[PDB]
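Starting off, we have a lone chain in the form deposited in one PDB entry, written out as structure tokens.
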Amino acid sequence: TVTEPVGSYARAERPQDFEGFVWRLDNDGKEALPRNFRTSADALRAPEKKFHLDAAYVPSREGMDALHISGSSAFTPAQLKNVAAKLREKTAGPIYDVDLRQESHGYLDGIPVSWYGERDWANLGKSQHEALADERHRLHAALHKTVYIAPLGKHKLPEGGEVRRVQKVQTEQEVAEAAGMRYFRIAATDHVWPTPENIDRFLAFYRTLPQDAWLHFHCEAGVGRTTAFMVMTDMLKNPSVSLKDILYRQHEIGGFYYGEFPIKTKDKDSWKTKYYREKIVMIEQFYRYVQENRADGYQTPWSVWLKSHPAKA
């Protein structure tokens, strides 16, 4: 009947049309902290005008002090150490670097880089296993080789940058552990709703966490995927909070707004429109999943429940 259900639209895109072509600079390392850094203990700010929200609305903060999560963009090793130090002041539990990036990435001579393909879909369609194997192989192959690292500029194409002969290669896991943080990888595709396997994996991981665990989520920019998992965590941990309050508060501390809003993209970014719409509906479906399965201890996972309760456009 249906080729791709709601929540799996990206599966229709062709991986061969977005293969990696350059080592993208993930962070210039000029700031002490990564971009969009925020924690669940932060004060709520005014909502961004583009979401056309009620600036007078004061969402409930119930459970935010105990939530213990944070989010940010990619970072240099030094920046991550700064994050870890800062998060250690808020807790005595393990601090996790939850890496949500499907795209292959790592560090060349301490420089955070990723193998970038159009739309940042260089690993689209790969299983987590295949994406991580590609990553390990590409990182290693760069050792003692000349590479071109560049930030993206006009038209999302390389602009300036630098050329160097790599003397050191590290995975983010190594960088996290060196910063004193535990590491957990979830290979989520950039710009789209996390897959049923991404979410099943996160929920399984969530279940094993000690009470005082602190989760620092991050993606490339620290907006789309980062806010999605932050929201999922808030819903799971504070199931009595209304959907409206979760969405407003995760937005007002510095994340994306995952509720309905007037979507307007630049003509060259019109491809994003349906993925934004898809995220709005899936966000609602996840909330329903939590509400309907919390009472029995989640004896049925998200992927299974979603197939029997498909989302609709």
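Residues carry their position along the shown sequence, with the first being 1.
The same protein also has a form deposited with a small molecule bound, omitted here; what follows describes it.
Engineer: Name the single residue among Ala221, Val169, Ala213, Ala131 that comes within 4.5 Å of the small molecule in the bound PDB entry, judging by heavy atoms.
Structural biologist: Exactly one listed residue reaches within 4.5 Å, namely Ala221.
Engineer: Just one of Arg201, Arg185, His191, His105 has a heavy atom within 4.5 Å of the small molecule in the bound PDB entry. Which one?
Structural biologist: Only one listed residue qualifies here, and that residue is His191.
Engineer: Between the small molecule and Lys50, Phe256 and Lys272, in the bound PDB entry, does every residue show a non-hydrogen atom at 4.5 Å or closer?
Structural biologist: Yes, the whole candidate spot contacts the small molecule.
Engineer: Would you classify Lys279 as touching the small molecule in the bound PDB entry, given a 4.5 Å non-hydrogen atom cut-off?
Structural biologist: Contact with the small molecule, yes.
Engineer: Give a yes/no on whether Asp120 approaches the small molecule to within 4.5 Å in the bound PDB entry, heavy atoms considered.
Structural biologist: The answer is yes: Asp120 has a heavy atom within 4.5 Å of the small molecule.
Engineer: Mark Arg35 yes when one of its heavy atoms lies within 4.5 Å of a heavy atom of the small molecule in the bound PDB entry, and no otherwise.
Structural biologist: Looking in the bound PDB entry, residue contacts with the small molecule include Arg35, since a heavy atom lies within 4.5 Å.
Engineer: Tell me, yes or no, whether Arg165 is in contact with the small molecule in the bound PDB entry, where a contact means a heavy atom of each within 4.5 Å.
Structural biologist: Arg165: no, not in contact with the small molecule in the bound PDB entry.
Engineer: Tell me the stretch among 82-90, 222-230, 135-143, 171-179 that has any heavy atom within 4.5 angstroms of the small molecule in the bound PDB entry.
Structural biologist: That would be 222-230.
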